[PDB]
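Report on the following structure.
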Ligand SMILES: [Zn+2]
Ligand SMILES: [Zn+2]
Ligand SMILES: [Zn+2]
Ligand SMILES: [Zn+2]
Ligand SMILES: [Zn+2]
Ligand SMILES: [Zn+2]
Ligand SMILES: [Zn+2]
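Chains as they are written, first to last, in the working numbering: chain A, 1 to 307; chain B, 308 to 377; chain C, 378 to 1163.
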């Protein structure tokens, strides 16, 4: 359990792994993005580049698939989405290593979550903020990665939330190459699964019931090849809800709750899956990270607890 | 000699996957290796790693590239 | 109750505190140590008592210990803790606020007097100590009751009356603004942003204001019914709201005396003025209930602790727990932990259960280690690698042994010829049959009549014996007995002898073994040959049944079950022995009307149970894909499903699940940077997708690039050192000046053409040049090709 200091001057808001697992990018509240790499010799994380990205606190970053190159998204509270591509011929830890590409200003609200699409849908992207409007950005031109065109625009909430009331938004894509395109969208106390219809426009396909309070994290379990899909929900209650989605509007799909654990006694902040969807890591308000696995049954039981 | 990409009329991801190495699935832009029988790219490092251990094209088209790259 | 945090007084790391009891009677000075959580850090140094009923307090940052204390009667007792003067206004009334500036200006907030001004400011060095009344240097706010005031700078002061917010400077008698509002109580200044302050009202409606928004007038933020009431009724208020002293855009509020909510703010600029909004709310429960007021503690490494004073005046120290913000996983089963408080990031590498042991026992890192070791590329090699490993992987070795047998059968030309394929089929497909019946029967007899150097279904039982690998000769049976004995598994040799019926040979094999226990088992087995004519229900058969029940070895278990009673049905349902042996002893010794029922029962068991050894019965068929799908549902092993389903799916049947498994395993191999294993997997897929004709049914990548010459604009090679369509000269290598040749791969045989500058060198020449250089070697190119 060796710790490493990211060197930020403020809070760290989102940390994401890349596809290969040897790189992490750490956004923060001091408007900086620091990209760390794993040295194969020293076996320790070290900084690759640090640069000032936005004009407000950055709350969500996401790596793109390496078949599209080294692209890092960044959503922040200044209503901007900044896309960064790595220049191979540039000095380490200089600030000019990652070159700015686009600034999607189509959102009239402070954003919360940005999530790249899987590697079977294109170089798409998703955004959600305190405006109730879902925005999808496709990079339709492979020649230049700067003509990011908005293609879908679905409204999730009827009205934007109040200035003082707190609210959270999170996104999770479905990484199944052999299923219609789905998007798990969380807005306050609502979690909706969209689906790409035959007309090219997303429609409300299935709504996850429950969720008496704010939803802090949605993670779609990786489609390893099973006949059922899983969504992990970290609510503002103690509940780590796991939904069993079975698909059979191209195709109808049913939502069934698989498990509901009150084993944290507080707000569940982040819930996240493994590569194969076997280990579920849930972090809650008790200061402890609980791992979950399924043994001899479909219902998920608890495992090692890390404090 | 100028290297010319095949202008394939594509719609989705294969437009992006046309200019990708067949060993690492990364975009190739400098120091490539081109076969003649099969029209597939490789990086120079990817080619020098793969042909120390392999015998066919890494995309699995069935082309014996050590004997058919001319 | 008022706990006021004072800095710039201690040369050490300790932070001084000033406390007022909730009955508003005493003033107590503290020195709190941040590095120890226990209550012994709260050191009570001094106490000055009998101060009437205190209504306000302030401190002077310029000189240490100058602590002004107000009262309800009107006396502004200013003294030192670390002289003692008692001043008052010229008219005796209640003092409601107090502020001491850095330069020395001391303000005072009085009640509403028609013939007096409320906001009275003087300097300490310019006041006569022989008079009880004061000499106001600057006076404002006549006929008003000033309830809150604070010194923004060395000159200006921000005072709030019962109805107005005033920003009054001493350089000019005109205030900057006067905003009419009710939320004018307890102006608190943010220690990071000087242009932001927060008040509240009688209804508890707290509001964060911006001075530049009011100067020009809405509040920056509002919070309906956030804090306690009694502002316009009680002059003794518990401070149930404190600005954060550890990071910007944060504050903490106290609700119902038991829970503390830390509200973190977000800011966006519409383009200096930042429109605030609440991002996250963090709830912390106090150690003890009934708390009136609290205060922050600045800790090392951006930590937070809360010193709190109860309703009874007891002061304790409540730490803030380090709540994890993000717990992401990894492809390498590594856990990364981020906190809501500090900067550092926790990492749990893979190198109630232990964390590392659970991450090492997960199937992700098992699949990664197997893929690194080369699992599934050669079935005989993976049988060799699984057998030379002890963990206890039992069904995997048997199913890969069957896959090796079937691949050897296909590679020998057996059961791929004729008008029908019948490749990688199972026992169920052969047994159930399913264009003419006589034509398929005679070509299947021809399939039998290929290695020729009292049952009706003899043209199917022999095919099942060929498929399962149980058509071996008796001399080769003796050779197999010698092989199994040389491997050390004497019990498996005895089980195979019992299976093939030569019980005296089982006695001979188990006799003269390396163990005495095996010799005792051999004696028990030998006690059957002169005994099988007995009717039964005797003590020897009872002892044999007891030994079958108690013993741990499954081979000797089924040996005792067959010896005690001469029936095969106790052997065909034992799960601990391999299914290939059970199918051998089912095809060898069973009626067809019973063998069909056994096959149906075992197939219906292995389809739903997900057993990988059911592939002998079902084959690599759509029902085999159902078996592998149930296995993936039960185990989440897509690696084995991919390496099994690539043998027969795109050659015979197009199904979406196999494509999903193949794409998932390729993405996993790319995720672990096992590009070599992905390329070997792809070429193995292309090798195993070839039909009997030879047509490749796999999906390959389309053609990407081709070489032109810009003299006839055609391809230089057809799917010499000159172009084959216009005769123009090919470009030469920049090192050895040798041209391009057009007509086990050595490095010095192909050009490494850059796709940016279109300059080509031999690969050995390019490696030798670009190792010590980073520019294109051609005269006039600036392109870093490596
Ligand atoms: Zn490559
Ligand atoms: Zn090829
Ligand atoms: Zn080729
Ligand atoms: Zn030509
Ligand atoms: Zn050369
Ligand atoms: Zn060049
Ligand atoms: Zn070049």
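In this text, a Cβ means the ideal position worked out from N, Cα and C, and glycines have one as well.
DSSP-derived helix/strand/coil call for residue 652 of chain C: strand
Host beta strand (DSSP E) of residue 232 of chain A (start-end): 229–235 is the span of the beta strand (DSSP E), which, as asked, contains residue 232 of chain A.
Exposure of residue 835 of chain C, with buried meaning 16 or more beta-carbon neighbours within 10 Å: exposed
Residue 118 of chain A to residue 1141 of chain C span [Cα, whole Å]: For residue 118 of chain A and residue 1141 of chain C, the gap between their C-alpha atoms comes out near 39 angstroms.
Chain B residues whose Cβ lies nearer than 8 angstroms to that of residue 77 of chain A: Within chain B, no residue comes near residue 77 of chain A; the closest Cβ sits about 32 angstroms away, beyond 8 angstroms.
Unbroken alpha helix (DSSP H) run spanning residue 807 of chain C, endpoints: 804–809
Alpha-carbon spacing of residue 218 of chain A relative to residue 404 of chain C, whole angstroms: Each residue's CA atom was taken as its position, placing residue 218 of chain A and residue 404 of chain C some 51 angstroms apart.
C-beta atoms of residue 211 of chain A and residue 189 of chain A nearer than 7 angstroms: In this structure, the beta-carbon distance from residue 211 of chain A to residue 189 of chain A falls below 7 angstroms.
Strand pairing of residue 600 of chain C, partner residues [DSSP]: C:583
Residue 884 of chain C burial status per 10 Å Cβ neighbour count (16 or more: buried): Buried, by the Cβ-count rule.
Beta-carbon proximity of residue 308 of chain A to residue 136 of chain A, cut-off 7 angstroms: Because residue 308 of chain A is not part of the residues shown, which for chain A are 1 to 307, the question remains open.
Contact set between residue 1079 of chain C and chain B, taken where Cβ atoms lie within less than 8 angstroms: 313, 315, 321 and 325
Candidates A:70, A:50, A:92 and A:139: closest to residue 104 of chain A by CA position: A:139
For residue 839 of chain C, three-class secondary structure by DSSP: Helix at residue 839 of chain C.
Under 8 angstroms by beta carbon: chain B residues contacting residue 153 of chain A: Residues of chain B passing the Cβ test: none, with the nearest at roughly 21 angstroms.
Proximity below 7 angstroms, CB of residue 1178 of chain C to CB of residue 956 of chain C: Only positions 378 to 1163 of chain C appear in this structure, which leaves residue 1178 of chain C out of reach.
Proximity test, Cβ basis, 7 angstroms: residue 334 of chain B and chain A: yes
Contact set between residue 68 of chain A and chain B, taken where Cβ atoms lie within less than 9 angstroms: 323 and 334
Neighbour list for residue 123 of chain A in chain B, Cβ cutoff strictly below 8 angstroms: Neighbours of residue 123 of chain A across chain B, judged by C-beta separation under 8 angstroms: 323.
Closer than 7 angstroms to chain B by CB, residue 88 of chain A: Among the CB atoms of chain B, none fall inside 7 angstroms of the CB of residue 88 of chain A.
Uninterrupted beta strand (DSSP E) stretches inside the region 308–361 of chain B (no shorter than 3 residues): 310–312, 339–341 and 348–350
Reduced DSSP secondary structure (H/G/I, E/B, other) of residue 660 of chain C: strand
is_contact[residue 164 of chain A, chain C] using C-beta, thresh 7 angstroms: yes
Amino acids of chain B, ordered along the chain, whose beta-carbon sits closer than 7 angstroms to that of residue 1162 of chain C: Those are 337 and 338, listed as they occur along chain B.
Three-way DSSP call (helix, strand, coil) for residue 13 of chain A in this model: strand
Extent of the continuous alpha helix (DSSP H) run through residue 877 of chain C: 867–877
Chain-order list of residues whose beta-carbon lies under 7 angstroms from that of residue 472 of chain C (same chain, five-residue window excluded): 432, 433, 447, 448, 451, 453, 485, 486 and 487
Exposure label - residue 959 of chain C; buried when at least 16 CB within 10 Å: buried
Straight-line Cα distance separating residue 94 of chain A from residue 542 of chain C: 48 angstroms
Three-state secondary structure (DSSP) of residue 446 of chain C: strand
Outcome for residue 479 of chain C when other beta-carbon atoms lying within 10 angstroms are tallied against a minimum of 16: Residue 479 of chain C counts as exposed, since fewer than 16 other beta carbons sit within 10 angstroms of its beta carbon.
Residue 821 of chain C: first and last residue of the uninterrupted beta strand (DSSP E) it sits in: Note, residue 821 of chain C: premise wrong, no beta strand (DSSP E); alpha helix (DSSP H) at 814–825.
Nearest to residue 508 of chain C (by Cα), restricted to the options C:692, C:465 and C:387: C:465
Heavy atoms of ligand 5 versus C-beta positions, residues under 6 angstroms: C:1110, C:1112, C:1113, C:1115, C:1138, C:1139 and C:1142
Sub-7 angstroms separation of residue 608 of chain C and residue 643 of chain C beta-carbons: no
Three-way DSSP call (helix, strand, coil) for residue 1166 of chain C in this model: Limits of chain C in this structure are 378 at one end and 1163 at the other, which puts residue 1166 of chain C out of reach.
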